[PDB]
Amino acid sequence: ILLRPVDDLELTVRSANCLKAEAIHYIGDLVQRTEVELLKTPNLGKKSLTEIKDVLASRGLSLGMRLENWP
Amino acid sequence: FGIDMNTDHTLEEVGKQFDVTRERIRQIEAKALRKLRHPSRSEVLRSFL
DNA sequence: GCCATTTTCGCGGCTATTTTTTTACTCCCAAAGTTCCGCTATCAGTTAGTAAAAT
RNA sequence: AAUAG
């Protein structure tokens with residue numbers, strides 16, 4: 001799951017484009033940032049973050065999980 | 001595409017289903033193909049190529 | 001009209017594996033149906049652009 | 001046809 005790219009998350013066009021603009025390439029990268037990075041992402045709206053956290057809740061993960069030895 | 005049917009159909013009679021709209025049927029077909037092209041639900045069908 | 005003799009008819013084991021065959025030969029013409037290239041024209045699909053909507 | 005059983 002962690003090694004899977006963000007393109008497996010079924011994100012919207014704007015959400016995927018914003019995450020690519022932030023150069024997030026893997027799920028582990030995204031789940032290591034919380035709102036500290038995502039809410040400050042340019043062009044990333046308020047409803048977008050709600051959608052992302054709903055998706056992660058569907059996948060059983062959350063934001064800002066602390067993982068060692070990544071990558 | 002004619003799946004589970006005797007004949008294939010063009011956009012006109014597919015629109016004839018509920019809303020006769022070629023531009024709409026074309027958009028929904030494109031959306032369906034885009035969702036089926038997502039790697040989350042296409043690894044099963046990828047093995048048949 | 002039955003007793004014998006001659007004439008057809010059908011038969012002669014099961015599994016494998018190596019590998020083609022070959023003569024013989026008019027012509028022309030007019031009439032008819034078919035094909036192949038090129039062009040037209042229509043419809044449907046695809047794609048580019050722009051406005052509508054949402055963040 | 002030839003060959004093996």
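Residue numbering restarts at 1 for every chain, and letters A, B, ... go by the order of the sequence lines.
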Based on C1'-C2'-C3'-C4', put the sugar of [N] on the north side (positive) or the south side (negative).
N: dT50(C); result: south
N: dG49(C); result: south
N: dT17(C); result: north
N: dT20(C); result: south
N: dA16(C); result: north

Distance from [X] atom [atom1] to [Y] atom [atom2], nearest 0.5 Å?
X: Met5(B); Y: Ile3(B); atom1: CE; atom2: CD1; answer: 9.0 Å
X: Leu19(A); Y: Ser48(A); atom1: CG; atom2: OG; answer: 9.5 Å
X: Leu3(A); Y: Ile27(A); atom1: CG; atom2: CD1; answer: 9.0 Å

What is the distance from [atom1] of [X] to [atom2] of [N], rounded to the nearest Å?
X: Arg26(B); N: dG45(C); atom1: CZ; atom2: P; result: 10 Å
X: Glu51(A); N: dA54(C); atom1: CD; atom2: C1'; result: 15 Å
X: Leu33(B); N: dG45(C); atom1: CG; atom2: P; result: 13 Å

Could you list the residues that satisfy side-chain hydrogen bond (donor to acceptor under 3.5 Å, both in side chains) with [X], not counting sequence neighbours?
X: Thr21(B); answer: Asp19(B)
X: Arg24(B); answer: none
X: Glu37(A); answer: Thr41(A)
X: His25(A); answer: none

Notebook entry, point to check: When the P atoms of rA2(D) and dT23(C) are considered, how many whole Å apart are they?
Noted result: 28 Å
Note to self: Give the residues of residues 15-25 of chain A touching DNA chain C, defined as any heavy atom closer than 4.0 Å, sorted by residue number.
What the structure shows: none
Next item on the list: With a 4.0 Å heavy-atom cut-off, tell me which residues in residues 3-25 of chain B come close to DNA chain C, sorted by residue number.
Entry: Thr10(B), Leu11(B), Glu12(B), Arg22(B)
Margin query: Is there a continuous path of hydrophobic side-chain contacts, each under 4.5 Å between heavy atoms, that joins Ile25(B) to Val20(B)?
Written below: no
Checklist line | Partners passing salt bridge (charged side-chain N to carboxylate O under 4.0 Å, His left out) against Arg22(B) (at least two apart in sequence or in another chain) | finding: none
Notebook entry, point to check: Side chain of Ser15(A), backbone of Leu11(A): donor and acceptor closer than 3.5 Å?
Noted result: no
Notebook entry, point to check: Between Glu29(B) and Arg26(B), is there a donor-acceptor pair closer than 3.5 Å when you use the side chain of the first and the backbone of the second?
Noted result: no
Do both conditions hold for [N] and [M], namely six-membered ring centres separated by less than 5.5 Å and ring planes inclined at less than 30°?
N: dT22(C); M: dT23(C); result: no
N: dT17(C); M: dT18(C); result: yes
N: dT6(C); M: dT7(C); result: yes
N: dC39(C); M: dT40(C); result: yes

Item checked: side-chain contact (heavy atoms from CB on, under 4.5 Å) partners for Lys31(B), two or more places apart -> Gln27(B), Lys35(B)
Please tabulate, one pair per line, all N/O donor-acceptor pairs under 3.5 Å involving side-chain atoms of residues 51-71 of chain A, not counting sequence neighbours.
from, atom 1, to, atom 2, distance (Å)
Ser58(A), OG, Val55(A), O, 2.3
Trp70(A), NE1, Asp29(A), OD1, 2.7

Checklist line | Contact list for residues 6-20 of chain A, test salt bridge (charged side-chain N to carboxylate O under 4.0 Å, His left out), sequence neighbours left out | finding: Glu10(A)-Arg41(B)
Restricting to nitrogen or oxygen on both sides, can you table the protein-nucleotides 48-52 of chain C pairs closer than 3.5 Å?
none

Checklist line | Pair assignment for DNA chain C - dot-bracket with | for other-strand partners, Watson-Crick or G-U under 3.5 Å | finding: .............|||||.....................................
